[PDB]
Structures are given as C-alpha cells and as structure tokens.
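> My questions will all concern the structure given below.
Protein chains: 2
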Amino acid sequence: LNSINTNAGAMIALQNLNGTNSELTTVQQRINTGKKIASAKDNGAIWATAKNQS
Amino acid sequence: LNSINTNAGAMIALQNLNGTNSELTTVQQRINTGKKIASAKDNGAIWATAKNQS
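Listed in order, the protein sequences are those of chains S and B.
Counting from 3, one number per residue, gives the positions in the first sequence under our numbering.
Counting from 3, one number per residue, gives the positions in the second sequence under our numbering.
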C-alpha cells in the first residue's frame, strides 16, 4: 500500500513514542516526589493504608 | 466497399480512442485524489461503508 492519504506506520510509531513519554513522565514524578505511591491514582489501597498509618 | 459517404473504420477507431480517453481520465482522478473510490460513482457500497467508518 503506497497510499498518500494514510500512514499507519507513523501511527504505531507515535503510539510507541507516547508510551515512552508516559513512562518518562511517571519516572519524573517518582524522582521529584521520592515516593512510588504519592497519590490515590498510584495505588488506592496502599495509599489509603499509608494515610491512616501516618 | 469504397464508399465516400460512410467510413466505418473511422467509427471503430474513434470508439477505441474514446475508451482510451475514459481510462486516462479515470487514472487522472485516481492520481490527483489518491483514492480509488473517491465518490459514490466509483463504488457505491464501499463508499458508503467508508463514509460510515470515517
């Protein structure tokens, strides 16, 4: 398929790039916070247990 | 038949030339649009499915 209207390979390449960007953003947050569960979005059960313990 | 009023060979040649012209116009459309089914006339059912999917 030598189409000029679509480019599927670019689509999968962009999906992979966004996955890498998401992983990098997660690592950024985990480094500048110092905690792997800094909010309820990280893991709700352990976050709630840690809030109660604190 | 050495007639001077009727020229059947010219008629057949014109029909063949018109067919070539139509094929060339179809290829011109398929190049400048980039679509083999750019309208309902090219293929009604596949064009309908493509409109719904888009």
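Think of the CB as a built atom: it goes at the ideal place given N, C-alpha and C, for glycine as much as any other residue.
Cα-Cα, which of B:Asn7, B:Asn9, B:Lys37 is closest to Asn4 (chain S)?
Against the first sequence, residue 4 (chain S) aligns to sequence position 2. The shortest C-alpha separation from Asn4 (chain S) is found at B:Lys37.
> Using only the alpha-carbon positions, how far apart do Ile6 (chain S) and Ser56 (chain S) sit?
Sequence index remark: in the first sequence, residue 6 (chain S) carries index 4 (1-based). Sequence index remark: in the first sequence, residue 56 (chain S) carries index 54 (1-based). Going by the C-alpha atoms only, they are around 59 Å apart.
> Start and end of the alpha helix (DSSP H) containing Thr35 (chain S)?
Working through the first sequence from its first residue, we reach residue 35 (chain S) at position 33. That run of the alpha helix (DSSP H) goes 10-35.
> Considering only residues of the same chain and omitting the five flanking positions on each side of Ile39 (chain B), which have a CB-CB separation below 6 Å?
The residue you call residue 39 (chain B) lines up with position 37 of the second sequence. For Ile39 (chain B), where only same-chain residues beyond five positions count, the Cβ hits under 6 Å are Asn45, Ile48, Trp49.
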